[PDB]
Structure formats: structure tokens, C-alpha cells
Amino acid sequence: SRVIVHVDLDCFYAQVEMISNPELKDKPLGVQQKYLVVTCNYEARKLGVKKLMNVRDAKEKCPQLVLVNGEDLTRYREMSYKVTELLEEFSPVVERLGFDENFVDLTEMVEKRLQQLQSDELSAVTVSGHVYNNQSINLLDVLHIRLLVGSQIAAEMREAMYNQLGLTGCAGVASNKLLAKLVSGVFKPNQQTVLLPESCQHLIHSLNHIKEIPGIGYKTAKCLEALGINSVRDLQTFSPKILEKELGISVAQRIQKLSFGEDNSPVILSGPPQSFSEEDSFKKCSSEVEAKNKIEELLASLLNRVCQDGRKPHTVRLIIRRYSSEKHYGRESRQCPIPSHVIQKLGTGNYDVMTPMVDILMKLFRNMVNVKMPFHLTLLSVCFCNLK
């Protein structure tokens, strides 16, 4: 039995912007990214704003919406890693998911605490925060005790995140990642919830569509629907065999175990970043077939700010999509090597890599289905994977 905690920060970007300009922590705030309010503080989430596009929307219903541009991600990424590192201090095995979510495997830490505790104060163990579904605690239930201890470590992490970094967020404590992630969102404004085993089904059936289950995105959702599957119970009771003969024995078994709140996936130690991507606009809304720029911009600070961590990349990749349907149907990249020696220097002559990156990108692009809708249709994305 594992004790996993899922940490999810409150409207992350807004938080990082509010901490920068205090005169914002009192009025409806939204962070804008090319006519798309990616997020906003709760002091505006009540005003109908739901991370929706159209900058004008909230604007009207909030003159002093004071929107801030969040295109440059530097500040967010830095705070993101400070959160992960603080968490890593509590326990080494920490997995990142986006810039503001972290899973932490607390199993060993919980045990170390229990063993350290007396055979009398064990009945004094209490919970920190909410108990999902207001379920009654049984102090003689070893799993209840361990999960309550987990709730205590979660409260400590949130407290330390606030005292040391000035950030608030929610936490969810459960026996696996799926359940921890689902329960962390029960009481969302800066609070935490722990899930005792007997309430697992209640939590899973509280969802209104199999697509709300972590591990089932836009794709599988559609495939399950066309198969007569919309509710969680529909998946739990669907014939395994047929499911297996539709998504494979791999996906079928996994997808179906999730419907029961079963997930054995391990919390992965993310450690340092395995790549340094950095997309750009003027190609999703309107572009001029730029090039010398789609290489100096995309790869701007992406260079002078890669020596900080002191690590060398060995591969470049350009991702490209197109004007499609359904949802965001558009995945078409292009990767290549990155010569060492002079290219991967360590002195002043770093500009020399500018040109080389040009020709490659400007070759892997002209080979991007240049015949049917490959131009001007939302794209632009470069990567720096493979580092050692």
C-alpha cells in the first residue's frame, strides 16, 4: 500500500504575477497569452471567467481586470522548480506534471514516522484538512493511520511552500496517483483532502464522464463513446474482451482499471529537465513566412540561458501542426543532431551556432508536407532534447 500526495497550486501564473505586483491581489486578474487568458485569480474566477479566450469577455464584466501578459515563461518556470525542490527536500521521489503539479511518494516517509511514534500516541493521530466524503476515521485501521500521517506531511509541505515561497495550493493524499490527483481538487481554494479506501468508489463515480479520469484524454474519450461508453460505471461494467479487441490488451486493461480507481503507476523522479523547448506566436494568428527570426527568436534566450544549469544539448526538433478539426489535430515535428567542438563551444564564439540552426530548421520545414495545407495554419515549435 502506497501513500501518494498530489500538490496542485492555485491559479499558478496569476499567483506569480500577484506576488510580483501586490496591487493585483485584490482585483480580478487574468494572465494573457496572445488573446487567450490561460488563467486568472479566484478573485475573478467567480465572475464567470473560466480560463476562457477572448480578452474582451472578462474585460467588460470587469473594467479593472488589469490583464498581464504571460508569454515569457521564465519567472513561472523558476518558481515551478523552487516548488519541486522544496518538495524534494521532504522526500526525493517527486514527479512534475506541467509547471504547478507535483506528485510525491510518501510511503517510506510515512512509515519512518509511524515507527518513531509510541504505542500509545498512535491513537492520538489526527487528520490535517478535509476527509473526503466526510468519511469516519478508524484509528485501528493501519491504512487509515498511514493516510492520516500522509495528510500531516501534506500540510507541512503547503505551510513550507507558503512560508518559504509565498505560494498557496491544494494537496490530495491517497493510495495512488490517480486518486491523489482526483481528490486534491475536491476543495480547491488552497485546501487539502485525504481519501480513505472505503470512499474510492464514491470518488470515482462522482465524475460525470470517463474523460474526466486522469489518463483518458480527448482521443480515448471519443473511441469509448462511439463504443457506447459515457459514464464511469459504463467502463467498469463493459466487456473486457471487446475493449481489449479495440484498444489492445495494453490500453484496455489499464484504461479499465482506472475506472475502478486502480492505478499502479510509480511516481517518477523527474529530476532535471530532459529538454528546453520554446515555441512562438506569429504563425498561429498571422505570419510572413519568417525564418531568420523563427530561429533567432525561438532560439533567443534559449541559448544564453542554457549554460546556467551547465548542460549541453545534442538534438534540435521543430514541431508543426495545421488547421484541422475535432480538437488540436496537429503533430508534425523534425529533429536533427548538433555538432560539438566549435558548435558546442564554451567561450565567446556562440553566435556561430545561429547559422547552422537556420539551414536545418529551414530544410526540415520545406520537407513538411509542402503540398497540402502545410503553410500558414498555426504551428511553430522548436526543441532542445538529449542532454548529458
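Numbering starts at 1 and follows the sequence shown.
Asks: Taking the recorded C-alpha temperature factors, which stretch has the higher mean, 375 to 383 or 15 to 23?
Replies: Looking at the record's C-alpha B-factors, the answer is 375 to 383.
Asks: Where do the C-alpha atoms have the higher mean temperature factor in this entry, in 312 to 320 or in 108 to 116?
Replies: Per the deposited B-factors, the answer is 312 to 320.
Asks: Would you mind finding, among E288, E262, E101, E71, the residue with the largest C-alpha temperature factor in the entry?
Replies: Answer, based on the entry's C-alpha B-factors: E288.
Asks: Which is it among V183, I210, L298, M79: the one with the largest CA B-factor in the entry?
Replies: Comparing C-alpha B-factors across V183, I210, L298, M79, the maximum falls on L298.
Asks: Considering every modelled residue of the chain and its Cα B-factor in the PDB entry, is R2 in the lowest, middle or highest third?
Replies: For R2, whose C-alpha B-factor we compare with every modelled residue in the chain, the answer is the middle third.
Asks: Please rank the C-alpha B-factors of the chain's modelled residues and tell me whether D280 sits in the lowest, middle or highest third.
Replies: Tercile = highest for this residue's CA B-factor.
Asks: Is the Cα B-factor recorded for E121 in the lowest, middle or highest third of its chain?
Replies: Answer is highest: the recorded C-alpha B-factor places it there.
Asks: Ordered by C-alpha B-factor within the chain, which third holds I137? Give me lowest, middle or highest, please.
Replies: Ranked within chain, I137 CA B lands in the lowest tercile.
Asks: By the record's CA B-factor, is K294 among the lowest, middle or highest third of residues in the chain?
Replies: It falls in the top third of the chain.
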